[PDB]
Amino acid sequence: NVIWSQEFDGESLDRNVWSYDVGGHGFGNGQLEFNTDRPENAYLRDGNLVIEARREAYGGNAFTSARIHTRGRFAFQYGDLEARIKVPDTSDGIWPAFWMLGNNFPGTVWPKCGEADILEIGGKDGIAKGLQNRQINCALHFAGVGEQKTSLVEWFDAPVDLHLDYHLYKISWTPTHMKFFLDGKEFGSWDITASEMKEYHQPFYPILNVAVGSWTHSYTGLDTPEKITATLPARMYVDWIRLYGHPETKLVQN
């Protein structure tokens, strides 16, 4: 029961749904890319959203990409949100993500707003073990007991090379759980009923981005332009994002 979707069929990204996060300040992870609002980094073509990371001097950084979200235009609480994505070869450097934030961000500060990562790929462990094209994770980031940052992470070694084709990346979100799926199969699950997880019973909005690098202590382990070996340009193809409604779903389209 699709009740909301972006099919990415047009010639340009719909600014009446999408907003750009612009900057090269590192986004609290020591990221190297400058996320721009230009057509070179986010464009539509052949029924796809393309987010393109490039090795390119821009704004004082050595890479450009894009980070887009629907805050203010689309949010929901409970439902199945799924995206058909072909990720780029991450081959040491590239850090794509499909994730969500609570709809009270940024007024409510992170992570009290709550966060759910549906797909992340390109981690340091994946690099260390030669599983760059296979190892993924989902995650919950929130204010736990005593209102302090808590992180729950579930890793999964995918069976096939994910950058070779489109796959379906989904969250199933109910009043009791958040579950995460690859091609219909569950690889993560958490109960969200506990007193410290009330942040996960409000509307959330989706985010899509392709980051380049991080601090060494952060996701990729690769903190300088010279340590980025990945094939650039790197393109993430999104065929669509669809919300399958539940009885309890609330839609926010203001």
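When you see a residue number, it is the position in the sequence shown, counting from 1.
Participant: Going by the B-factors listed in the PDB entry, is the mean over the C-alpha atoms higher for 12-20 or for 230-238?
Facilitator: For C-alpha atoms only, the mean B-factor is higher in 12-20.
Participant: With reference to the PDB entry, specify whether the mean Cα temperature factor is higher for 184-192 or for 212-220.
Facilitator: 184-192 has the higher mean C-alpha B-factor.
Participant: Taking the Cα B-factors listed in the entry, which of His167, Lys170, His141, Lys129 comes out highest?
Facilitator: The record points to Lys129.
Participant: Select one of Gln148, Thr90, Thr108, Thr174: the residue whose C-alpha shows the highest B-factor in the crystal structure entry.
Facilitator: Of the candidates given, the C-alpha B-factor peaks at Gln148.
Participant: Lowest, middle or highest third: where is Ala116 by C-alpha B factor in its chain?
Facilitator: According to the entry, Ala116 has a C-alpha B-factor in the chain's highest third.
Participant: Test of reading the entry: by CA B factor among the chain's modelled residues, which third contains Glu40?
Facilitator: According to the entry, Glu40 has a C-alpha B-factor in the chain's middle third.
Participant: Taking the entry's C-alpha B-factors for this chain, is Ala158 in the lowest, middle or highest third?
Facilitator: Highest third, going by the recorded CA B-factors of the chain.
Participant: Ordered by C-alpha B-factor within the chain, which third holds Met100? Give me lowest, middle or highest, please.
Facilitator: Its C-alpha B-factor, which the entry lists for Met100, ranks in the middle third among residues of this chain.
Participant: What third of the chain does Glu199 rank in for C-alpha temperature factor, lowest, middle or highest?
Facilitator: Ranked within chain, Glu199 CA B lands in the middle tercile.
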